[PDB]
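Coordinates from input-v4.cif are shown below (mmCIF, C-alpha atoms; chains and numbers go by the auth columns).
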data_final
#
loop_
_atom_site.group_PDB
_atom_site.id
_atom_site.type_symbol
_atom_site.label_atom_id
_atom_site.label_comp_id
_atom_site.label_asym_id
_atom_site.label_seq_id
_atom_site.Cartn_x
_atom_site.Cartn_y
_atom_site.Cartn_z
_atom_site.B_iso_or_equiv
_atom_site.auth_seq_id
_atom_site.auth_asym_id
ATOM 1 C CA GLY A 1 -195.743 45.851 113.531 0.00 1 A
ATOM 2 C CA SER A 2 -193.773 48.816 112.244 0.00 2 A
ATOM 3 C CA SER A 3 -190.045 48.802 112.899 0.00 3 A
ATOM 4 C CA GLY A 4 -187.085 51.140 112.585 0.00 4 A
ATOM 5 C CA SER A 5 -183.629 52.044 113.834 0.00 5 A
ATOM 6 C CA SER A 6 -181.290 54.952 114.469 0.00 6 A
ATOM 7 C CA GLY A 7 -177.594 55.672 114.081 0.00 7 A
ATOM 8 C CA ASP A 8 -174.893 56.836 116.462 0.00 8 A
ATOM 9 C CA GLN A 9 -171.897 59.149 116.507 0.00 9 A
ATOM 10 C CA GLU A 10 -168.324 58.834 117.715 0.00 10 A
ATOM 11 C CA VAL A 11 -166.822 61.824 119.484 0.00 11 A
ATOM 12 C CA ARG A 12 -164.296 62.363 122.251 0.00 12 A
ATOM 13 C CA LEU A 13 -165.721 61.822 125.716 0.00 13 A
ATOM 14 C CA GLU A 14 -163.702 61.868 128.919 0.00 14 A
ATOM 15 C CA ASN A 15 -166.034 60.090 131.312 0.00 15 A
ATOM 16 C CA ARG A 16 -167.067 56.654 132.517 0.00 16 A
ATOM 17 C CA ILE A 17 -168.379 54.691 129.558 0.00 17 A
ATOM 18 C CA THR A 18 -170.782 51.768 129.473 0.00 18 A
ATOM 19 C CA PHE A 19 -171.743 48.913 127.181 0.00 19 A
ATOM 20 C CA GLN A 20 -174.054 45.933 126.855 0.00 20 A
ATOM 21 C CA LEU A 21 -173.177 42.251 126.843 0.00 21 A
ATOM 22 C CA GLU A 22 -174.884 39.381 125.063 0.00 22 A
ATOM 23 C CA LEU A 23 -175.506 36.384 127.289 0.00 23 A
ATOM 24 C CA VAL A 24 -175.497 33.853 124.476 0.00 24 A
ATOM 25 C CA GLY A 25 -175.637 31.052 127.017 0.00 25 A
ATOM 26 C CA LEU A 26 -178.416 32.901 128.801 0.00 26 A
ATOM 27 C CA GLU A 27 -181.189 35.052 127.386 0.00 27 A
ATOM 28 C CA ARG A 28 -180.854 38.701 128.331 0.00 28 A
ATOM 29 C CA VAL A 29 -178.801 41.799 127.618 0.00 29 A
ATOM 30 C CA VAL A 30 -176.601 42.957 130.472 0.00 30 A
ATOM 31 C CA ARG A 31 -174.870 46.293 130.923 0.00 31 A
ATOM 32 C CA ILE A 32 -171.338 47.015 132.077 0.00 32 A
ATOM 33 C CA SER A 33 -170.128 50.378 133.322 0.00 33 A
ATOM 34 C CA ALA A 34 -166.527 51.352 133.963 0.00 34 A
ATOM 35 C CA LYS A 35 -163.862 53.906 133.129 0.00 35 A
ATOM 36 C CA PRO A 36 -162.721 54.058 129.496 0.00 36 A
ATOM 37 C CA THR A 37 -158.987 54.250 130.080 0.00 37 A
ATOM 38 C CA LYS A 38 -159.185 50.939 131.903 0.00 38 A
ATOM 39 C CA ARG A 39 -159.014 47.789 129.812 0.00 39 A
ATOM 40 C CA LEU A 40 -161.665 45.219 128.977 0.00 40 A
ATOM 41 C CA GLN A 41 -160.097 42.760 131.390 0.00 41 A
ATOM 42 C CA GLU A 42 -159.542 45.252 134.186 0.00 42 A
ATOM 43 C CA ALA A 43 -163.062 46.567 133.724 0.00 43 A
ATOM 44 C CA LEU A 44 -164.422 43.034 133.751 0.00 44 A
ATOM 45 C CA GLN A 45 -162.206 42.149 136.689 0.00 45 A
ATOM 46 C CA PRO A 46 -164.762 43.603 139.110 0.00 46 A
ATOM 47 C CA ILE A 47 -167.393 41.893 136.993 0.00 47 A
ATOM 48 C CA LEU A 48 -165.886 38.426 136.812 0.00 48 A
ATOM 49 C CA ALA A 49 -164.918 38.545 140.469 0.00 49 A
ATOM 50 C CA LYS A 50 -168.448 39.748 141.115 0.00 50 A
ATOM 51 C CA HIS A 51 -169.928 37.080 138.875 0.00 51 A
ATOM 52 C CA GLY A 52 -167.694 34.274 140.085 0.00 52 A
ATOM 53 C CA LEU A 53 -166.255 34.270 136.584 0.00 53 A
ATOM 54 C CA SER A 54 -162.746 34.910 135.321 0.00 54 A
ATOM 55 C CA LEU A 55 -160.774 36.424 132.466 0.00 55 A
ATOM 56 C CA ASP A 56 -159.723 32.928 131.465 0.00 56 A
ATOM 57 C CA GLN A 57 -163.263 31.622 131.759 0.00 57 A
ATOM 58 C CA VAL A 58 -165.351 33.974 129.653 0.00 58 A
ATOM 59 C CA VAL A 59 -164.642 35.170 126.133 0.00 59 A
ATOM 60 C CA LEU A 60 -165.447 38.557 124.647 0.00 60 A
ATOM 61 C CA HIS A 61 -166.186 38.946 120.956 0.00 61 A
ATOM 62 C CA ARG A 62 -168.576 41.200 119.076 0.00 62 A
ATOM 63 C CA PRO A 63 -171.566 39.612 117.327 0.00 63 A
ATOM 64 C CA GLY A 64 -170.377 38.267 113.995 0.00 64 A
ATOM 65 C CA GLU A 65 -166.628 38.022 114.461 0.00 65 A
ATOM 66 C CA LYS A 66 -163.877 35.531 113.714 0.00 66 A
ATOM 67 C CA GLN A 67 -161.704 35.725 116.806 0.00 67 A
ATOM 68 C CA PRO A 68 -162.195 36.793 120.431 0.00 68 A
ATOM 69 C CA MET A 69 -161.588 40.485 121.003 0.00 69 A
ATOM 70 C CA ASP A 70 -158.584 41.525 123.058 0.00 70 A
ATOM 71 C CA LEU A 71 -159.438 42.683 126.559 0.00 71 A
ATOM 72 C CA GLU A 72 -156.141 44.541 126.629 0.00 72 A
ATOM 73 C CA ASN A 73 -158.106 47.095 124.643 0.00 73 A
ATOM 74 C CA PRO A 74 -159.765 49.946 126.550 0.00 74 A
ATOM 75 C CA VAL A 75 -163.502 49.755 127.118 0.00 75 A
ATOM 76 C CA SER A 76 -163.459 53.175 125.496 0.00 76 A
ATOM 77 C CA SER A 77 -163.322 51.192 122.275 0.00 77 A
ATOM 78 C CA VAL A 78 -166.151 48.915 123.343 0.00 78 A
ATOM 79 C CA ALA A 79 -168.540 51.674 124.346 0.00 79 A
ATOM 80 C CA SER A 80 -170.867 51.864 121.367 0.00 80 A
ATOM 81 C CA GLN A 81 -172.290 48.568 120.166 0.00 81 A
ATOM 82 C CA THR A 82 -173.338 45.470 122.072 0.00 82 A
ATOM 83 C CA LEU A 83 -170.753 42.790 122.755 0.00 83 A
ATOM 84 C CA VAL A 84 -171.251 39.060 123.165 0.00 84 A
ATOM 85 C CA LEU A 85 -170.156 36.801 125.997 0.00 85 A
ATOM 86 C CA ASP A 86 -169.225 33.192 125.338 0.00 86 A
ATOM 87 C CA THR A 87 -169.299 31.564 128.754 0.00 87 A
ATOM 88 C CA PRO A 88 -167.507 28.242 129.278 0.00 88 A
ATOM 89 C CA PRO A 89 -169.307 24.904 128.906 0.00 89 A
ATOM 90 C CA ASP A 90 -169.456 24.546 132.672 0.00 90 A
ATOM 91 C CA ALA A 91 -170.536 26.770 135.539 0.00 91 A
ATOM 92 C CA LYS A 92 -171.672 25.922 139.048 0.00 92 A
ATOM 93 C CA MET A 93 -170.845 28.917 141.209 0.00 93 A
ATOM 94 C CA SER A 94 -172.973 31.625 139.639 0.00 94 A
ATOM 95 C CA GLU A 95 -176.212 33.541 140.039 0.00 95 A
ATOM 96 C CA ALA A 96 -179.416 32.058 138.677 0.00 96 A
ATOM 97 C CA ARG A 97 -179.536 28.663 137.006 0.00 97 A
ATOM 98 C CA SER A 98 -181.092 27.856 133.651 0.00 98 A
ATOM 99 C CA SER A 99 -179.417 25.413 131.296 0.00 99 A
ATOM 100 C CA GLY A 100 -180.320 22.328 129.299 0.00 100 A
ATOM 101 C CA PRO A 101 -178.497 19.343 127.789 0.00 101 A
ATOM 102 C CA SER A 102 -177.908 18.701 124.105 0.00 102 A
ATOM 103 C CA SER A 103 -176.933 15.985 121.656 0.00 103 A
ATOM 104 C CA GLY A 104 -176.434 15.223 117.982 0.00 104 A
#
Can you dump the structure from the file as structure tokens?
Amino acid sequence: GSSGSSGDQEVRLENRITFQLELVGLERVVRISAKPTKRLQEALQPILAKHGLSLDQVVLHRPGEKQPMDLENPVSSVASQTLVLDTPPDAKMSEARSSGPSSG
């Protein structure tokens, strides 16, 4: 047992930033590295094109939000906490394969 946690600080940093992504659909935390200046869409561009995804396919939005975050924003603003990825309800061309059906 025994658990804990630590805090973080926010100071100016002119260098490539990185962040984690929540694979809701999947089950694992991924990391994304890219320049801060760049946007969330331009930084994911080489990620979506490298993941067979798209900017109009995936959806970025922190854990416990109301609306999907704007990629237009610089990753420099998404380099602290872990984000969440809401993949589309359909994917064929992609790495790995682990999904199940559902009903109600």
Region 12-24 of chain A: which residues within 8 Å, counting all atoms listed in the file, same-chain residues fewer than 2 positions away excluded, as number ranges by chain?
A: 10, 26-36, 75-76, 78-87
Let me know the centre plus edge lengths, in Å and rounded to one decimal, of a box with edges along x, y and z that contains all listed atoms of region 20-36 of chain A and is padded by 8 Å on every side, as JSON.
{"center_x": -172.0, "center_y": 42.6, "center_z": 129.2, "size_x": 34.5, "size_y": 39.0, "size_z": 25.5}
Decode the PyMOL selection byres ((chain A and resi 54) around 12) for the given file into explicit residues and return them as a ChimeraX atom specification.
/A:41-53,55-60,87-88,91,93-94
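The spacing separating CA of residue 96 (chain A) from CA of residue 62 (chain A) amounts to 24.2 Å.
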Rounded to one decimal place, report the CA of residue 71 (chain A)-CA of residue 98 (chain A) distance in Å.
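Computing the Euclidean distance for CA of residue 71 (chain A) and CA of residue 98 (chain A) yields 27.2 Å.
When CA of residue 61 (chain A) is paired with CA of residue 97 (chain A), their separation reads 23.3 Å.
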So which one's closest to residue 25 (chain A), A:2, A:89, A:66, A:95? Using all atoms listed in the file, please.
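Looking at the shortest contact to residue 25 (chain A), the residue is A:89.
Distances here use only C-alpha atoms; by that measure, the residue among A:103, A:9, A:37, A:3 closest to residue 73 (chain A) is A:37.
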Can you complete the atoms of region 12-26 of chain A to N, CA and C atoms and list them as a PDB file, in the frame of the given file?
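As a result, rebuild-v1.pdb now contains:
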ATOM      1  N   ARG A  12    -165.087  62.451 121.036  1.00  0.00           N
ATOM      2  CA  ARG A  12    -164.296  62.363 122.251  1.00  0.00           C
ATOM      3  C   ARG A  12    -165.187  62.569 123.479  1.00  0.00           C
ATOM      4  N   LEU A  13    -164.951  61.742 124.487  1.00  0.00           N
ATOM      5  CA  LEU A  13    -165.721  61.822 125.716  1.00  0.00           C
ATOM      6  C   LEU A  13    -164.873  61.301 126.879  1.00  0.00           C
ATOM      7  N   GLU A  14    -164.510  62.219 127.763  1.00  0.00           N
ATOM      8  CA  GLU A  14    -163.702  61.868 128.919  1.00  0.00           C
ATOM      9  C   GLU A  14    -164.596  61.640 130.140  1.00  0.00           C
ATOM     10  N   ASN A  15    -165.161  60.444 130.206  1.00  0.00           N
ATOM     11  CA  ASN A  15    -166.034  60.090 131.312  1.00  0.00           C
ATOM     12  C   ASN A  15    -166.316  58.586 131.272  1.00  0.00           C
ATOM     13  N   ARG A  16    -166.759  58.069 132.408  1.00  0.00           N
ATOM     14  CA  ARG A  16    -167.067  56.654 132.517  1.00  0.00           C
ATOM     15  C   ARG A  16    -168.010  56.227 131.389  1.00  0.00           C
ATOM     16  N   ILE A  17    -167.587  55.203 130.663  1.00  0.00           N
ATOM     17  CA  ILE A  17    -168.379  54.691 129.558  1.00  0.00           C
ATOM     18  C   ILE A  17    -169.067  53.393 129.987  1.00  0.00           C
ATOM     19  N   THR A  18    -170.041  52.985 129.189  1.00  0.00           N
ATOM     20  CA  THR A  18    -170.782  51.768 129.473  1.00  0.00           C
ATOM     21  C   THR A  18    -171.101  51.022 128.175  1.00  0.00           C
ATOM     22  N   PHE A  19    -171.416  49.744 128.328  1.00  0.00           N
ATOM     23  CA  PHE A  19    -171.743  48.913 127.181  1.00  0.00           C
ATOM     24  C   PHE A  19    -172.596  47.714 127.600  1.00  0.00           C
ATOM     25  N   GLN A  20    -173.210  47.090 126.605  1.00  0.00           N
ATOM     26  CA  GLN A  20    -174.054  45.933 126.855  1.00  0.00           C
ATOM     27  C   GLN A  20    -173.302  44.644 126.516  1.00  0.00           C
ATOM     28  N   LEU A  21    -173.790  43.547 127.078  1.00  0.00           N
ATOM     29  CA  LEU A  21    -173.177  42.251 126.843  1.00  0.00           C
ATOM     30  C   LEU A  21    -174.263  41.235 126.486  1.00  0.00           C
ATOM     31  N   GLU A  22    -173.949  40.399 125.508  1.00  0.00           N
ATOM     32  CA  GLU A  22    -174.884  39.381 125.063  1.00  0.00           C
ATOM     33  C   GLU A  22    -174.619  38.061 125.790  1.00  0.00           C
ATOM     34  N   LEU A  23    -175.618  37.624 126.541  1.00  0.00           N
ATOM     35  CA  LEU A  23    -175.506  36.384 127.289  1.00  0.00           C
ATOM     36  C   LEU A  23    -175.972  35.220 126.413  1.00  0.00           C
ATOM     37  N   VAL A  24    -175.178  34.935 125.393  1.00  0.00           N
ATOM     38  CA  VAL A  24    -175.497  33.853 124.476  1.00  0.00           C
ATOM     39  C   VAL A  24    -176.054  32.667 125.267  1.00  0.00           C
ATOM     40  N   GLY A  25    -175.240  32.178 126.190  1.00  0.00           N
ATOM     41  CA  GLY A  25    -175.637  31.052 127.017  1.00  0.00           C
ATOM     42  C   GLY A  25    -176.999  31.302 127.667  1.00  0.00           C
ATOM     43  N   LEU A  26    -177.171  32.522 128.155  1.00  0.00           N
ATOM     44  CA  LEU A  26    -178.416  32.901 128.801  1.00  0.00           C
ATOM     45  C   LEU A  26    -179.353  33.524 127.766  1.00  0.00           C
TER      46      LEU A  26
END
